[PDB]
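Fold and geometry: a report
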Amino acid sequence: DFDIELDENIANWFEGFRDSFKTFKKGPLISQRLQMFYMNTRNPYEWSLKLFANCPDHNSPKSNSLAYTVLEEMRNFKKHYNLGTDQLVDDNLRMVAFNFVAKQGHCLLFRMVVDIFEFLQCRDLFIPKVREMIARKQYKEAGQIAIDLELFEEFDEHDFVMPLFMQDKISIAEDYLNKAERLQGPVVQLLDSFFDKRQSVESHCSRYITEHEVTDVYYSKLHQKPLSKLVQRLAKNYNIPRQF
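What counts, and where the lines are drawn
Residues numbered from 1 in each chain as written, not as in the entry; some residues may be left out. Heavy atoms only, no water. Buried < 20%, exposed > 50% of the residue type's maximum accessible area, 1.4 Å probe, protein only. Helix = DSSP H or I, 4+ residues; strand = E, 2+ residues; numbered from the N terminus. Contact = heavy atoms within 4.5 Å. 1 Å grid on protein atoms, 1.4 Å probe; cavity = no way out; pocket = protein on both sides within 12 Å on 5 of 7 lines; lining within 4 Å. Points joined across faces, edges and corners; volume = space filled by probe spheres on them. Nonpolar A, V, L, I, M, F, W, Y, C, P; charged D, E, K, R; others polar. Patch = residues over 30% accessible without salt bridge, like charges linked within 9 Å, V, L, I, M, F, W, Y side chains within 5 Å. Areas by Shrake-Rupley, 256 points an atom, 1.4 Å probe, with all protein chains shown as cover. Salt bridge = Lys/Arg side-chain N within 4 Å of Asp/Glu carboxyl O. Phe/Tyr/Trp six-rings, centres within 6.5 Å; stacked < 30°, edge-to-face > 60°.

Moving on, we get to helix α11 (residues 181–195). Turning to α11, its buried residues number three or more, namely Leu183, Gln184, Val187, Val188, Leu190, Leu191, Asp192, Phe194 and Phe195. Of the surrounding secondary structure, the elements contacted by the buried residues of α11 are α9 (157–166), α10 (170–178), α12 (201–211) and α13 (224–236).

Structure follows, in structure tokens:
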């Protein structure tokens, strides 16, 4: 998994001025120049990753950043000319693209690369990388990757659904829970076991945190009132039987 990102002299001076004329906003002119660049290109996908790496913007990409537009025009280039992945991208090249956009925490750029390189056709190749992130306690990242790769059948509530609830990051965990009905039962069943056990909910929480080694937990939320409000929503939002 090592891309040969080194540029050459025919291409490098061209790129240096491109960064200069990119400062002149982002619109149809900069888009058209990229479309012509990808046309001369041999294997645009591999070069699209090279252009993404050779710009100081790839550390924090946003809609205005040059790195985001480099991949954005690659997506338009693929759809306009009706391009496929055959004989151009390999599982090795997809892994290269995954490592480039998974660390940034930017979901839109990841969703774009999922579409460009067609990650949903071979999503099972990234499961070792997501479980490595779960083992590194990167719940929001691994959780969002699992949602954008549509891995709604690969993970249990303990992998990142419950830790994200511990970290008050209800948004990502509930998004994964909405598309995974199999977990909706045991999740609210587990949250109710904290209350309907007449042991302090803080003791029930601390026992789960120490069993699954949950880190960076937002303790101010783990109390009877805020944890009850979470069970009240998740039982109603998913029509769960009265197993209180």
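Below, the discussion takes up the layout of surface pockets. A volume near 170 Å³ is recorded for the largest pocket. Considering the residues around the largest pocket, the lining is formed by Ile10, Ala11, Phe14, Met36, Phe37, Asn40, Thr41, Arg42 and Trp47. Within the residue set of the lining of the largest pocket, elements represented by two or more residues are α1 (9–22) and α2 (28–40). Considering only residue class, the lining of the largest pocket consists of 6 nonpolar, 2 polar and 1 charged.

It is worth spelling out a nonpolar patch on the surface at this point. On the surface, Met36, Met39 and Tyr81 cluster together into a nonpolar patch covering about 290 Å² of accessible area. We classify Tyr81 as partly exposed; its relative accessible area is 38%.

So, about the packing of aromatic side chains. The final tally for this structure, using the stated rule, is 17 aromatic pairs. Geometrically, the ring pair formed by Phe37 and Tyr38 is edge-to-face, given 6.4 Å between the ring centres and 90° between the ring planes. Judged by relative accessible area, which is 16%, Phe37 ranks as buried. Look at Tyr38 and you get buried, because its relative accessible area is 1%. Members of the aromatic cluster, joined through ring pairs, are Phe14, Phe37, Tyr38, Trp47, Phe77 and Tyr81.

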